[PDB]
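Peer 1: Take a look at this one; I'll ask things after.
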Amino acid sequence: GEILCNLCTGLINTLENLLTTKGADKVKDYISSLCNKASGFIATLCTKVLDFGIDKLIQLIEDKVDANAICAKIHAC
């Protein structure tokens, strides 16, 4: 893989400092803009997170799921 993980796993980590308090709405707002750059091999990768749940990815972290484990999850690496 290693297509655009740095992007995901990179943003994921940002989600940890993003809001994680305000509401977590701006998360899907920012994750969209970012995820809004696939339309290709990541196509399914993008819809992957959506299919999974942007909030979910954040939920995993809450538990103890790194930005990678959370990524590799939906298969982004």
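Here, A, B, ... name the chains of the structure tokens in the order displayed, residue numbers run from 1 inside each chain, and ligands are numbered from 1 in the same displayed order.
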Give the helix (DSSP H, G or I) residues of chain A, as DSSP finds them on the backbone, and put them as a PyMOL selection string.

Peer 2: chain A and resi 5-18+25-35+43-52+54-63+67-74

Peer 1: Between A:31, A:38, A:77, A:69, which is the closest to residue 3 in chain A once you count only C-alpha atoms?

Peer 2: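 Result for the nearest residue to residue 3 in chain A: A:77.
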
Peer 1: Between A:71, A:76, A:43, A:58, which is the closest to residue 17 in chain A once you count only C-alpha atoms?

Peer 2: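 Residue with the minimum atom-to-atom distance to residue 17 in chain A: A:58.
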
Peer 1: Which one of A:1, A:51, A:46, A:56 sits closest to residue 15 in chain A if you count only C-alpha atoms?

Peer 2: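 Once distances to residue 15 in chain A are computed over only C-alpha atoms, the minimum belongs to A:56.
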
Peer 1: Mind pulling up the distance from CA of residue 67 in chain A to CA of residue 9 in chain A?

Peer 2: 4.6 Å

Peer 1: Range 19-25 of chain A: which residues within 12 Å, counting only C-alpha atoms, same-chain residues fewer than 6 positions away excluded, as a PDB file with N, CA, C and O atoms, in the first residue's frame?

Peer 2:
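Generated file (part-v7.pdb):
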ATOM      1  N   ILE A  12      -5.576  11.772  10.945  1.00  0.00           N
ATOM      2  CA  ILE A  12      -6.119  11.073  12.097  1.00  0.00           C
ATOM      3  C   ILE A  12      -5.527  11.669  13.375  1.00  0.00           C
ATOM      4  O   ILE A  12      -6.263  12.073  14.275  1.00  0.00           O
ATOM      5  N   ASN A  13      -4.202  11.705  13.416  1.00  0.00           N
ATOM      6  CA  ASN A  13      -3.504  12.244  14.569  1.00  0.00           C
ATOM      7  C   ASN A  13      -4.019  13.656  14.858  1.00  0.00           C
ATOM      8  O   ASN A  13      -4.086  14.073  16.012  1.00  0.00           O
ATOM      9  N   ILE A  31     -12.257  16.270   7.278  1.00  0.00           N
ATOM     10  CA  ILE A  31     -11.908  14.967   6.737  1.00  0.00           C
ATOM     11  C   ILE A  31     -12.442  14.854   5.307  1.00  0.00           C
ATOM     12  O   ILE A  31     -11.882  14.128   4.488  1.00  0.00           O
ATOM     13  N   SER A  32     -13.520  15.582   5.053  1.00  0.00           N
ATOM     14  CA  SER A  32     -14.136  15.572   3.738  1.00  0.00           C
ATOM     15  C   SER A  32     -13.237  16.298   2.734  1.00  0.00           C
ATOM     16  O   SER A  32     -12.933  15.764   1.669  1.00  0.00           O
ATOM     17  N   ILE A  54     -16.492   8.182  10.007  1.00  0.00           N
ATOM     18  CA  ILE A  54     -15.472   9.125  10.432  1.00  0.00           C
ATOM     19  C   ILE A  54     -15.448   9.191  11.960  1.00  0.00           C
ATOM     20  O   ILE A  54     -14.381   9.275  12.565  1.00  0.00           O
ATOM     21  N   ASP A  55     -16.639   9.150  12.540  1.00  0.00           N
ATOM     22  CA  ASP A  55     -16.768   9.205  13.986  1.00  0.00           C
ATOM     23  C   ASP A  55     -16.185   7.927  14.595  1.00  0.00           C
ATOM     24  O   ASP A  55     -15.625   7.956  15.689  1.00  0.00           O
ATOM     25  N   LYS A  56     -16.339   6.836  13.858  1.00  0.00           N
ATOM     26  CA  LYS A  56     -15.834   5.551  14.312  1.00  0.00           C
ATOM     27  C   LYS A  56     -14.313   5.626  14.452  1.00  0.00           C
ATOM     28  O   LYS A  56     -13.769   5.326  15.514  1.00  0.00           O
ATOM     29  N   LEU A  57     -13.670   6.027  13.366  1.00  0.00           N
ATOM     30  CA  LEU A  57     -12.221   6.145  13.355  1.00  0.00           C
ATOM     31  C   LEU A  57     -11.765   6.890  14.610  1.00  0.00           C
ATOM     32  O   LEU A  57     -10.753   6.536  15.214  1.00  0.00           O
ATOM     33  N   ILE A  58     -12.531   7.910  14.965  1.00  0.00           N
ATOM     34  CA  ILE A  58     -12.219   8.708  16.138  1.00  0.00           C
ATOM     35  C   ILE A  58     -12.520   7.897  17.399  1.00  0.00           C
ATOM     36  O   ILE A  58     -11.851   8.055  18.419  1.00  0.00           O
ATOM     37  N   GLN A  59     -13.528   7.043  17.288  1.00  0.00           N
ATOM     38  CA  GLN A  59     -13.926   6.206  18.406  1.00  0.00           C
ATOM     39  C   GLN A  59     -12.813   5.216  18.750  1.00  0.00           C
ATOM     40  O   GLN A  59     -12.501   5.007  19.922  1.00  0.00           O
ATOM     41  N   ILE A  61      -9.643   5.495  18.235  1.00  0.00           N
ATOM     42  CA  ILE A  61      -8.575   6.226  18.894  1.00  0.00           C
ATOM     43  C   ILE A  61      -8.898   6.363  20.383  1.00  0.00           C
ATOM     44  O   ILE A  61      -8.057   6.073  21.233  1.00  0.00           O
ATOM     45  N   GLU A  62     -10.117   6.803  20.653  1.00  0.00           N
ATOM     46  CA  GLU A  62     -10.562   6.982  22.024  1.00  0.00           C
ATOM     47  C   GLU A  62     -10.195   5.756  22.865  1.00  0.00           C
ATOM     48  O   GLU A  62      -9.840   5.886  24.035  1.00  0.00           O
TER      49      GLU A  62
END

Peer 1: Identify which of the residues A:65, A:49, A:34, A:74 lies closest to residue 11 in chain A, counting only C-alpha atoms when measuring atom-to-atom distances.

Peer 2: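 Of the candidates, the smallest distance to residue 11 in chain A is held by A:34.
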